>>> print(open('entry.pdb').read())   # PDB, C-alpha atoms (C1' of nucleotides)
ATOM      1  CA  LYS A   1     142.539 142.783 153.042  1.00  0.00           C
ATOM      2  CA  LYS A   2     144.447 140.910 150.322  1.00  0.00           C
ATOM      3  CA  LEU A   3     143.388 141.517 146.691  1.00  0.00           C
ATOM      4  CA  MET A   4     141.913 138.385 144.991  1.00  0.00           C
ATOM      5  CA  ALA A   5     144.205 139.286 142.029  1.00  0.00           C
ATOM      6  CA  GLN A   6     147.990 139.522 141.812  1.00  0.00           C
ATOM      7  CA  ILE A   7     149.364 142.743 140.328  1.00  0.00           C
ATOM      8  CA  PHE A   8     151.990 143.232 137.567  1.00  0.00           C
ATOM      9  CA  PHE A   9     154.366 145.305 139.686  1.00  0.00           C
ATOM     10  CA  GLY A  10     157.805 146.602 138.750  1.00  0.00           C
ATOM     11  CA  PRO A  11     159.714 149.725 137.613  1.00  0.00           C
ATOM     12  CA  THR A  12     158.865 151.330 134.226  1.00  0.00           C
ATOM     13  CA  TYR A  13     160.633 154.431 132.915  1.00  0.00           C
ATOM     14  CA  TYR A  14     157.916 157.105 132.575  1.00  0.00           C
ATOM     15  CA  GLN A  15     158.447 160.565 131.117  1.00  0.00           C
ATOM     16  CA  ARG A  16     156.795 163.846 132.125  1.00  0.00           C
ATOM     17  CA  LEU A  17     155.310 165.730 129.160  1.00  0.00           C
ATOM     18  CA  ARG A  18     155.211 169.446 128.351  1.00  0.00           C
ATOM     19  CA  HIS A  19     151.372 169.536 128.615  1.00  0.00           C
ATOM     20  CA  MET A  20     150.248 170.447 132.153  1.00  0.00           C
ATOM     21  CA  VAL A  21     146.597 171.235 133.058  1.00  0.00           C
ATOM     22  CA  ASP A  22     147.047 174.701 134.600  1.00  0.00           C
ATOM     23  CA  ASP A  23     148.803 175.812 131.347  1.00  0.00           C
ATOM     24  CA  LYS A  24     145.804 174.470 129.348  1.00  0.00           C
ATOM     25  CA  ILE A  25     142.695 175.517 131.545  1.00  0.00           C
ATOM     26  CA  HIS A  26     140.731 178.556 130.344  1.00  0.00           C
ATOM     27  CA  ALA A  27     137.403 180.377 130.975  1.00  0.00           C
ATOM     28  CA  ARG A  28     135.884 183.587 129.637  1.00  0.00           C
ATOM     29  CA  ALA A  29     132.647 185.368 130.363  1.00  0.00           C
ATOM     30  CA  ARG A  30     132.736 188.711 128.433  1.00  0.00           C
ATOM     31  CA  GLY A  31     136.160 189.918 127.555  1.00  0.00           C
ATOM     32  CA  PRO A  32     138.232 191.561 124.858  1.00  0.00           C
ATOM     33  CA  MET A  33     136.714 191.904 121.435  1.00  0.00           C
ATOM     34  CA  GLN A  34     138.080 192.219 117.869  1.00  0.00           C
ATOM     35  CA  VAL A  35     138.260 195.651 116.344  1.00  0.00           C
ATOM     36  CA  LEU A  36     136.821 194.705 112.950  1.00  0.00           C
ATOM     37  CA  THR A  37     134.307 191.966 113.658  1.00  0.00           C
ATOM     38  CA  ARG A  38     133.586 193.198 117.220  1.00  0.00           C
ATOM     39  CA  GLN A  39     133.718 189.539 118.293  1.00  0.00           C
ATOM     40  CA  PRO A  40     135.685 187.759 121.127  1.00  0.00           C
ATOM     41  CA  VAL A  41     139.506 187.854 120.685  1.00  0.00           C
ATOM     42  CA  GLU A  42     141.412 184.586 120.045  1.00  0.00           C
ATOM     43  CA  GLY A  43     143.591 182.604 122.494  1.00  0.00           C
ATOM     44  CA  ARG A  44     143.720 181.707 126.242  1.00  0.00           C
ATOM     45  CA  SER A  45     146.643 184.205 126.750  1.00  0.00           C
ATOM     46  CA  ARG A  46     144.563 187.118 125.277  1.00  0.00           C
ATOM     47  CA  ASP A  47     141.533 186.004 127.438  1.00  0.00           C
ATOM     48  CA  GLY A  48     139.833 184.857 124.322  1.00  0.00           C
ATOM     49  CA  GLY A  49     136.460 183.321 123.766  1.00  0.00           C
TER      50      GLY A  49
ATOM     51  CA  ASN B   1     115.101 193.264  86.994  1.00  0.00           C
ATOM     52  CA  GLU B   2     114.121 196.958  86.223  1.00  0.00           C
ATOM     53  CA  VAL B   3     113.910 198.012  89.898  1.00  0.00           C
ATOM     54  CA  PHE B   4     116.952 196.325  91.629  1.00  0.00           C
ATOM     55  CA  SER B   5     119.341 195.039  88.834  1.00  0.00           C
ATOM     56  CA  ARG B   6     119.365 196.762  85.359  1.00  0.00           C
ATOM     57  CA  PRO B   7     122.383 195.572  83.195  1.00  0.00           C
ATOM     58  CA  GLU B   8     123.868 199.126  82.950  1.00  0.00           C
ATOM     59  CA  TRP B   9     124.589 198.829  86.765  1.00  0.00           C
ATOM     60  CA  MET B  10     127.303 196.144  86.297  1.00  0.00           C
ATOM     61  CA  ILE B  11     129.509 198.981  84.925  1.00  0.00           C
ATOM     62  CA  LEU B  12     130.738 201.171  87.770  1.00  0.00           C
ATOM     63  CA  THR B  13     130.261 204.990  87.383  1.00  0.00           C
ATOM     64  CA  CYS B  14     130.068 206.028  91.055  1.00  0.00           C
ATOM     65  CA  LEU B  15     132.113 203.905  93.535  1.00  0.00           C
ATOM     66  CA  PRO B  16     130.782 203.620  97.118  1.00  0.00           C
ATOM     67  CA  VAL B  17     133.296 204.548  99.836  1.00  0.00           C
ATOM     68  CA  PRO B  18     132.920 202.127 102.768  1.00  0.00           C
ATOM     69  CA  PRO B  19     133.144 203.755 106.180  1.00  0.00           C
ATOM     70  CA  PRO B  20     135.949 203.235 108.735  1.00  0.00           C
ATOM     71  CA  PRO B  21     134.109 200.382 110.721  1.00  0.00           C
ATOM     72  CA  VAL B  22     134.767 198.255 107.562  1.00  0.00           C
ATOM     73  CA  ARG B  23     138.418 199.447 107.104  1.00  0.00           C
ATOM     74  CA  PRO B  24     139.563 200.221 110.725  1.00  0.00           C
ATOM     75  CA  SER B  25     142.583 202.429 111.475  1.00  0.00           C
ATOM     76  CA  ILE B  26     144.536 200.032 113.780  1.00  0.00           C
ATOM     77  CA  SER B  27     145.968 203.082 115.648  1.00  0.00           C
ATOM     78  CA  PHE B  28     148.765 201.600 117.852  1.00  0.00           C
ATOM     79  CA  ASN B  29     149.903 204.271 120.423  1.00  0.00           C
ATOM     80  CA  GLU B  30     149.267 208.065 119.930  1.00  0.00           C
ATOM     81  CA  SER B  31     151.369 209.487 117.001  1.00  0.00           C
ATOM     82  CA  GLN B  32     151.372 206.514 114.466  1.00  0.00           C
ATOM     83  CA  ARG B  33     148.630 205.815 111.799  1.00  0.00           C
ATOM     84  CA  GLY B  34     148.098 202.072 110.992  1.00  0.00           C
ATOM     85  CA  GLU B  35     145.475 202.374 108.218  1.00  0.00           C
ATOM     86  CA  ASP B  36     143.755 199.277 106.697  1.00  0.00           C
ATOM     87  CA  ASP B  37     144.546 197.618 103.324  1.00  0.00           C
ATOM     88  CA  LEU B  38     141.177 198.732 101.907  1.00  0.00           C
ATOM     89  CA  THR B  39     142.045 202.341 102.871  1.00  0.00           C
ATOM     90  CA  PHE B  40     145.380 201.982 100.930  1.00  0.00           C
ATOM     91  CA  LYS B  41     143.628 200.369  97.987  1.00  0.00           C
ATOM     92  CA  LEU B  42     140.911 203.071  97.894  1.00  0.00           C
ATOM     93  CA  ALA B  43     143.719 205.665  97.979  1.00  0.00           C
ATOM     94  CA  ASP B  44     145.335 203.948  94.931  1.00  0.00           C
ATOM     95  CA  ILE B  45     141.877 204.232  93.162  1.00  0.00           C
ATOM     96  CA  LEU B  46     141.575 207.938  94.031  1.00  0.00           C
ATOM     97  CA  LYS B  47     145.261 208.475  92.990  1.00  0.00           C
ATOM     98  CA  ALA B  48     144.599 206.830  89.573  1.00  0.00           C
ATOM     99  CA  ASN B  49     141.148 208.519  89.209  1.00  0.00           C
ATOM    100  CA  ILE B  50     142.707 211.969  89.614  1.00  0.00           C
ATOM    101  CA  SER B  51     145.496 211.304  87.023  1.00  0.00           C
ATOM    102  CA  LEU B  52     142.859 210.110  84.487  1.00  0.00           C
ATOM    103  CA  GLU B  53     140.504 213.055  85.193  1.00  0.00           C
ATOM    104  CA  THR B  54     143.280 215.715  84.822  1.00  0.00           C
ATOM    105  CA  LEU B  55     144.802 213.810  81.817  1.00  0.00           C
ATOM    106  CA  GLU B  56     141.539 214.036  79.843  1.00  0.00           C
TER     107      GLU B  56
ATOM    108  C1'  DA C   1     140.910 175.579  78.665  1.00  0.00           C
ATOM    109  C1'  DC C   2     140.214 175.850  83.711  1.00  0.00           C
ATOM    110  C1'  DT C   3     138.980 176.044  89.095  1.00  0.00           C
ATOM    111  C1'  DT C   4     138.514 174.639  94.416  1.00  0.00           C
ATOM    112  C1'  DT C   5     137.653 171.679  98.846  1.00  0.00           C
ATOM    113  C1'  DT C   6     140.004 168.856 102.344  1.00  0.00           C
ATOM    114  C1'  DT C   7     138.170 166.946 111.278  1.00  0.00           C
ATOM    115  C1'  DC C   8     138.630 170.062 115.818  1.00  0.00           C
ATOM    116  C1'  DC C   9     141.629 172.954 119.269  1.00  0.00           C
ATOM    117  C1'  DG C  10     151.647 179.006 121.385  1.00  0.00           C
ATOM    118  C1'  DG C  11     153.760 182.957 118.252  1.00  0.00           C
TER     119       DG C  11
ATOM    120  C1'   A D   1     155.934 174.992 115.314  1.00  0.00           C
ATOM    121  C1'   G D   2     152.616 171.413 118.154  1.00  0.00           C
ATOM    122  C1'   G D   3     148.291 168.320 120.958  1.00  0.00           C
ATOM    123  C1'   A D   4     143.248 165.024 120.436  1.00  0.00           C
TER     124        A D   4
ATOM    125  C1'  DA E   1     141.724 164.557  93.961  1.00  0.00           C
ATOM    126  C1'  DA E   2     137.932 165.665  91.247  1.00  0.00           C
ATOM    127  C1'  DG E   3     134.916 168.350  87.714  1.00  0.00           C
ATOM    128  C1'  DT E   4     132.898 173.490  85.325  1.00  0.00           C
TER     129       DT E   4
END
>>> encode(input="entry.pdb", output="structure tokens")
Amino acid sequence: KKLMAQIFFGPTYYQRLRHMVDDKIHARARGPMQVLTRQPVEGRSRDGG
Amino acid sequence: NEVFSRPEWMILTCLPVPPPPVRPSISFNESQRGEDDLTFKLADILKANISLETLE
DNA sequence: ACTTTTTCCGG
RNA sequence: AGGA
DNA sequence: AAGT
């Protein structure tokens, strides 16, 4: 069924950006700790808190 | 305060040596030290304290 | 004469 | 060096 | 950008 509205439809040059979810996503639930502070390590890479 | 903070105690006579948990030896691999800055600085104190002691 | 803060999160 |  |  036809839309009651008419859509602004045409090509538009879109760019893909360097930020992609699966490179951003992170979870931790007990992991590596600092030596000094004995606290969770920093950064997704390092499986940080 | 006579019990916890007499003025004479602001002048250091006997320096407390903090234990390793405070100045960890970041011992990368087997045969390689990696001692903390506080360890180096305490060494410099000792080094200077010995020269003075012998000197006098 | 003289000091100290300023939003939150790969190398 | 970079995101919100 | 302020204030001992």
>>> atom_distance(input="entry.pdb", atom1="CA of residue 35 (chain A)", atom2="CA of residue 19 (chain B)")
14.0 Å
>>> resolve_selection(input="entry.pdb", expression="the PyMOL selection byres ((chain D and resi 4) around 9)", output="PDB file with C-alpha atoms (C1' of nucleotides), keeping the file's coordinate frame")
ATOM      1  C1'  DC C   8     138.630 170.062 115.818  1.00  0.00           C
ATOM      2  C1'  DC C   9     141.629 172.954 119.269  1.00  0.00           C
TER       3       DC C   9
ATOM      4  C1'   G D   3     148.291 168.320 120.958  1.00  0.00           C
TER       5        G D   3
END
>>> atom_distance(input="entry.pdb", atom1="CA of residue 33 (chain A)", atom2="CA of residue 49 (chain A)")
8.9 Å
>>> interface_residues(input="entry.pdb", of="chain A", to="chain D", cutoff="12 Å", atoms="all atoms listed in the file", output="ChimeraX atom specification")
/A:17-20,24
>>> atom_distance(input="entry.pdb", atom1="CA of residue 52 (chain B)", atom2="CA of residue 12 (chain B)")
15.4 Å
>>> resolve_selection(input="entry.pdb", expression="the PyMOL selection byres ((chain A) within 12 of (chain C))", output="list in words")
residues 19, 23, 24, 42, 43, 44, 45 and 46 of chain A
>>> resolve_selection(input="entry.pdb", expression="the PyMOL selection byres ((chain B) within 8 of (chain A))", output="PyMOL selection string")
chain B and resi 21-24
>>> write_last_selection(input="entry.pdb", atoms="C-alpha atoms", output="PDB file, in the coordinates of the input")
ATOM      1  CA  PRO B  21     134.109 200.382 110.721  1.00  0.00           C
ATOM      2  CA  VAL B  22     134.767 198.255 107.562  1.00  0.00           C
ATOM      3  CA  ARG B  23     138.418 199.447 107.104  1.00  0.00           C
ATOM      4  CA  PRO B  24     139.563 200.221 110.725  1.00  0.00           C
TER       5      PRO B  24
END
>>> closest_residue(input="entry.pdb", among="B:56, B:27, B:17, B:9", to="residue 43 (chain B)", atoms="all atoms listed in the file")
B:17
